[PDB]
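Below: the structure, in structure tokens.
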Amino acid sequence: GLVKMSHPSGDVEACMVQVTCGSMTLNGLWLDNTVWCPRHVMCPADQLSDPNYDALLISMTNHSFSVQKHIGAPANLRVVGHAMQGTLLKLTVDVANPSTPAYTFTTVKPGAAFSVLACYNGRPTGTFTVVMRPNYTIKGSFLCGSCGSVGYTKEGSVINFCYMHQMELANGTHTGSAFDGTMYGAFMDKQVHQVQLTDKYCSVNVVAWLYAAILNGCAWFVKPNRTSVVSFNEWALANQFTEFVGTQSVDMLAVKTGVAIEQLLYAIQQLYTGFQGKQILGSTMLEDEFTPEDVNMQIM
Amino acid sequence: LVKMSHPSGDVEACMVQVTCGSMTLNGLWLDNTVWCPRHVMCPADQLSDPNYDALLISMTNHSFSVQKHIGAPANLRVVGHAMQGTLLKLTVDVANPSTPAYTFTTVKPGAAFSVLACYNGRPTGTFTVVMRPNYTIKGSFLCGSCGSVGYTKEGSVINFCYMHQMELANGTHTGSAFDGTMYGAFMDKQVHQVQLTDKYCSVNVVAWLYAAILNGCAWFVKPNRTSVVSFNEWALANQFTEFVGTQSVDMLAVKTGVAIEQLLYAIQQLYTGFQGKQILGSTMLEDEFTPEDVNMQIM
Ligand SMILES: COc1cccc2[nH]c(C(=O)N[C@@H](CC(C)C)C(=O)N[C@@H](C[C@@H]3CCNC3=O)C(=O)COP(=O)(O)O)cc12
């Protein structure tokens, strides 16, 4: 009973713009008087292989950037200021966005989930939820012209913006910026080829998923045997597994099932070996794309 | 290959709480009409078998109160109530200023649509389902989600295709088309209901296999071929839907040079087992991705 859920995209659609510098164009996020977009917008296609953004910046001026609002309330958008921030450009416009929602800037830790709004030419086209892999990449769907799309969560009315798209790596694997400018996984926003670290299973999400299995009757894998957290984080470091860090959302699951964290840590150790042709909520491989928060809100 | 819905801000602009005595759920506000599941008239007790025909005439000028909570808040005075199928078609003295260009098309099994789940007239989450061959959906609805809406978008035209109404034994859901008719003809009544046995969306597996080939996973292709007509006869006995090709499945055939009928035969083999192999990271066949999905996302 567990489906990939995203926040309703509206609030964010009200903030998407197109940013242009010469002929290069991408997506931006118009919050109040500021417009954020990736800095590789300044760089001509020729210098993309080794750009000199400190050069490009000083070489640029407000007349280099044109911002346009293609959706909903149309907009006369004029830049009056610019700064670069890590891999992020911080343009200043003269009209505050009236549809600016309550927002903050938190950097996601691995394993956590967030919604992302897939935009092209400052026009939203699709929404989908991802999880921040331990190798600090994401398995989204992103095409030509999608940079500057945004990733956001939402507690209450506050949108926590967390991700701006930037690049694609090997096949299908993507990464980007936190809004403090820093690229996740210390990747370089250049057209060079770059190698990713190895992807690990987020152990906490596996735990949640097993909990959701218990909640839907699929419990055959629950044995009395228990492996500690301290012991688990040790076996974990040598089997492509993340340190298990327990949270109160996990304790809540542990009570309504009466099955302890350490019971499901020990099963994880057996099930990575092989299901031996068995299913848990329809799958043969451990699921790590669902958070304990997810399982709580969804199977509540 | 990710599960992807449309943006929802358009649909979010139309959501609305409808309240009728003790009962409350979501509606959709387009022009001067608010749509909603008709069981709001039934008091909570008497749902085991209501007389919606009785309940409707018992209604008066002020039986329904209607609130908009997002954007410009508002109570709306209703000026006329008509029924239609399992839905209440309510008439309101203010046309929705954020009304989009829309149609009401019934969805057929195998096709994907976006859902916007609401509780008390408030959008909370959005996802994408496929309509199961047995006319249920595998979704995530809780208490008060009644009235949430499923849609597709063809250009900038919202195609409303679903209003959620109920949950069967374990979390398989259904609702109505906007013509009023329940998918699967389940009854908007509080009784246990048998869902037919599901099947495999043959076309969506052919799409998914084409998604593999595109990503370099071609090991399962062999020059053998099963004809569509052969397949469907076979499908009847093996829990599959009949295959109906498409301009979109044809695009995959071209940019892969792999015939539909090769993957039809390839389906018949893989239905047994993968023989210790994996396809895009999976052991069983995957049927929730459409030929349109594969076309858009590997393009
Ligand atoms: C009667 O013996 C049964 C046996 C076995 C299964 C059964 N299922 C239902 C049922 O589903 N009943 C509908 C109302 C009837 C009249 C059609 C309902 O309740 N629908 C929800 C949506 C549901 C809530 C849970 N997830 C959803 O999607 C509304 O949105 C309101 O929500 P709430 O009443 O406040 O929970 C009755 C029943």
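Numbers for the structure displayed
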quantity: Calculated FRET value between A:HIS63 and B:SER98, using beta carbons and R₀ = 41 Å, to 0.05; calculated: 0.70
quantity: Cα-centre dipole for the protein assembly as shown with unit charges at Cβ (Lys and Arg positive, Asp and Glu negative), debye to 20; calculated: 200
quantity: Relative exposure of A:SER203, A:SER66, judged by other C-beta atoms within 10 Å (fewest first); calculated: A:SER66, A:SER203
quantity: For B:4-17, mean number of other protein chain Cβ atoms within 10 Å; calculated: 5
quantity: P(r) histogram, all alpha-carbon pairs of the protein assembly as shown included - 10 Å bins from 0, percent; calculated: 3, 15, 23, 26, 21, 10, 2, 0
quantity: 5 angstrom amide H check on B:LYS153, placed H, neighbours 5+ away; calculated: B:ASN159
quantity: Ordering of A:23-35, B:68-80 by packing [mean C-beta count within 10 Å, highest first]; calculated: A:23-35, B:68-80
quantity: Members of A:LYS69/B:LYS68; A:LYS139/A:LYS200; A:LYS200/B:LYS3; A:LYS4/A:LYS256; A:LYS223/A:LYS278; A:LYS109/A:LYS139 lying beyond 18 Å, as alpha-carbon distances in this model show; calculated: A:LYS69/B:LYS68; A:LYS200/B:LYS3; A:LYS4/A:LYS256
quantity: Segment B:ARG225-B:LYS189, extension gain: residue separation times 0.36 nm, minus the distance between their alpha carbons; calculated: 8.3 nm
quantity: Around A:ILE138: net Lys/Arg minus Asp/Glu count, Cβ-Cβ under 15 Å; calculated: +2
quantity: Point-charge dipole on Cβ atoms (K/R +1, D/E -1) for chain B, about Cα centre, debye to 20; calculated: 340
quantity: Chain B: angle of helix B:260-270 to the longest principal axis, Cα-based, in degrees nearest 10; calculated: 90
quantity: Fewest-first ranking of A:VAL150, A:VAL195, using other Cβ atoms within 10 Å as the exposure measure; calculated: A:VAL195, A:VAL150
quantity: Dipole in debye (nearest 20) - the stretch A:190-300, about Cα centre, beta carbon charges: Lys, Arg +1; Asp, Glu -1; calculated: 240
quantity: Charge dipole of the protein assembly as shown about the Cα centre (unit charges at C-beta), most positive-ward option of A:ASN205, B:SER48, B:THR226; calculated: B:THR226
quantity: Burial order of peptide ranges B:124-133, B:271-280 (average beta-carbon count within 10 Å, highest first); calculated: B:124-133, B:271-280
quantity: Loop sites in the stretch A:139-243: chymotrypsin sites (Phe, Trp or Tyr not before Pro), DSSP, at most 13 other Cβ within 10 Å; calculated: A:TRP220
quantity: Ellipticity estimate at 222 nm from DSSP helix runs (n ≥ 4, -39,500 (n - 2.57)) divided over the protein assembly as shown, nearest 500; calculated: -5500 deg cm²/dmol
quantity: Order of A:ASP11, A:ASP46, A:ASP199 under a 10 Å beta carbon neighbour criterion, fewest first; calculated: A:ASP46, A:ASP199, A:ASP11
quantity: Segment B:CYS143-B:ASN238, length gained on full extension (0.36 nm per residue, minus Cα span); calculated: 30.6 nm
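Since every read-out is calculated from the coordinates, none of them should be taken as a lab result. All Cβ positions, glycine included, derive from the backbone under ideal geometry; neighbour counts span all protein chains shown.
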